[PDB]
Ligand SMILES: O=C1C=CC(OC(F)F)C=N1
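Before any questions on how it binds or moves, here is one chain, the form deposited without this ligand, in C-alpha cells.
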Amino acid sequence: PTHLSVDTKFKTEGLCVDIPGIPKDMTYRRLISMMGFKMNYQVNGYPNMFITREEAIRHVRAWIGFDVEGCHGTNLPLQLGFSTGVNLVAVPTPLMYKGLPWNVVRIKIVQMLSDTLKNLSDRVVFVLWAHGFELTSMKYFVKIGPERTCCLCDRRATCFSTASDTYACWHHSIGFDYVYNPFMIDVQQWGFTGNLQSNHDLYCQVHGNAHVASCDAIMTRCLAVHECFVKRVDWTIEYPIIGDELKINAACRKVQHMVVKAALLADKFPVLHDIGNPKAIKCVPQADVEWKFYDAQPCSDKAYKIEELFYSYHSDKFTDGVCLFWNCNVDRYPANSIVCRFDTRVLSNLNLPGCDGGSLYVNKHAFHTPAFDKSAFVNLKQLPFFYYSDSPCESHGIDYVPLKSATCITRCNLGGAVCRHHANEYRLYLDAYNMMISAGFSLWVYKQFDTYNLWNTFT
C-alpha cells in the first residue's frame, strides 16, 4: 500500500449541490474520468491524481489550498482562490483580479505556483474541501500523463507548455501555461460533520471568512495542517534538505553551549533545571553544576502552562539556580531562565503557515509551533550577542584583518589585542549566531545576566 487505489470509494455528498444527481457510489477512477481526465491504464509513476493522507503529510511543503466559487458553470464566471491569498476570475467568453479567459488565467496559475513552490517542493498538492466546481475547473489548467523530467534540468516536470510542446519544473517554467501531474486531496473525505467554516473555527481564530475563494482555500489548508500536525503528531517522518537545515542545527548547538556555559560561569548557579526534549544531552558537559532533566515533548497546540510543568508536587525548587528552556514553549517563563523560543512570524523556506497563529517549522522533521507571544518573556530580557572563550590563544594550521570588538570576551582582548585564533573563532561564531537568528530563533535571559562578569574568569 504505497499510493491511493483509484478503486477506493469517494464520498460524493459534498459534491451534490454543485453536481446534482451525482451517484452516491463513486470511485476515484470514475471521478477522474468525470473531471475530463483519461489515465489510459498507465503504469508510469502517476497512478492517481488523488493521494493518501500519509502521502500528503510527507509532501506538506507542496500544499496549496484551492477553492472555486461560482461568481454567478459553462455560462458563469468562476472565482479561483488559493491559499497564497490570490483570487483569479475566469470567464468562459486578499488579492482580487478582474475576469479573464482561461488561456490567460492558466499562465497566471503556473507563474504563481512556480514562484511559491520552486524552493519548497518537487510538486503541488491541491488541498480541497471539495464541492464540485474546483474539480470540474481543473481540466482548464491541468494536463496529466506519464512522469517526466524538466527540459532544462533533472528535476521532475510540474508544468507543460502548449507553445513549445515541452515540460519544465517550478524553476524553469517561465511562459508555461499548464500545470502538469499535480496531486490533490479532499479533506471532506476524512469524515467531518458540518461545513468548512464550522470545523476550521473550532481550532483557529486567525483566519476569518471575507466570503472569497482564497479565504476558503486558506481555511482548508489550515484545517488540514491542524488534523495532520496539531491533533496528530509524527516525528518519525523525515523531510528532504531544501536550504540551510544543517548549518542552522549546528549553529543552534554552538549557541546553546556558548550561552549556557557563560551563564553558569557569570552567575555560578549551583543547579540547572533542563526542561524540554526527553532525549536532551548536557550542552556544557565539563560543567560542575548539578544538572537535572525534566521531560516535555515539543508542544504543537498551545504553549505549556508553567503551572502544570512546575506545580502539583524533582528538585521541587525550580526557583533555585537556573531554568533552561531550549525550544520548550511555555506561556510565561520564570525570572531565573535561559530561553530559546522559535518566532513563528519568521519568513523562510523552512517555516510554513500554520494553525491559529502558529507555524509549521520543517527542518528534518515537521514541528507545528504555537504562535509567538511577546508576553511570555515579561520576566526576562533579550540576550545580547557575545562570544566567550577560555581556550588557549594559539593559531595552529583564510586571510587576516585584525579584529576589534567589545563583545569578543577572551584573555587576549582583556590583554589589549585579539589573537588570530580567537578572531577566526569569533567570526565563525558570529556567522552561526546570525544564521540561527535569521532562521527565526530568539534568545532570552534572566535580567541579572551581565557579560562584564565573564572578564574575571581570566585571572
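Only residues modelled in both forms are compared. Numbers for residues come from their place in the sequence shown, where the first is 1. Here the rigid core means the biggest group of C-alpha atoms that line up within 1.5 Å when the two forms are laid on top of each other.
- According to the record, 4 to 9 deposited residues between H72 and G73 are left without atomic coordinates.
- The modelled chain breaks between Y313 and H314, where 1 to 3 residues of the deposited sequence lack coordinates.
- Stretches 145 to 153 and 358 to 366 differ in mean CA B factor, with 145 to 153 having the higher one.
- Higher average CA B factor: 200 to 208, of the stretches 200 to 208 and 103 to 111.
- Looking at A335, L309, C252, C340, the one whose CA carries the top B-factor in the deposited record is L309.
- The top Cα temperature factor in the record, among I281, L264, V179, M258, falls on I281.
- Looking at the C-alpha B-factors along this chain, the one for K118 belongs to the lowest third.
- In this PDB entry, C393 carries a Cα temperature factor that places it within the highest third of its chain's modelled residues.
- When the modelled residues of the chain are ordered by C-alpha B-factor, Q189 sits in the middle third.
- The PDB entry assigns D67 a C-alpha temperature factor belonging to the lowest third of its chain's modelled residues.
- When the modelled residues of the chain are ordered by C-alpha B-factor, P384 sits in the middle third.
A second form of this protein, the form deposited with this ligand bound, is not displayed here; the remarks below concern that form.
- When this ligand is superposed onto this form from its pose in the deposited bound form, three or more of its atoms come within 2.4 Å of a backbone or C-beta atom, and the site is therefore classed as blocked.
- Residue-level contacts in the deposited bound form: of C228, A157, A376, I144, one residue has a heavy atom within 4.5 Å of this ligand, and it is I144.
- Residue contact check for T52: none of its heavy atoms lie within 4.5 Å of this ligand in the deposited bound form.
- Proximity of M39 to this ligand in the deposited bound form: non-hydrogen atoms within 4.5 Å are present.
- Looking at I32, you'd find a heavy atom of it within 4.5 angstroms of this ligand in the deposited bound form.
- Within 4.5 angstroms of this ligand in the deposited bound form, the stretch 3 to 19 places a non-hydrogen atom from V6 alone.
- Once the two forms are aligned on their core, only one segment of at least three consecutive shared residues with Cα displacements of 2 Å or more between the shown form and the other one appears, at 42 to 44.
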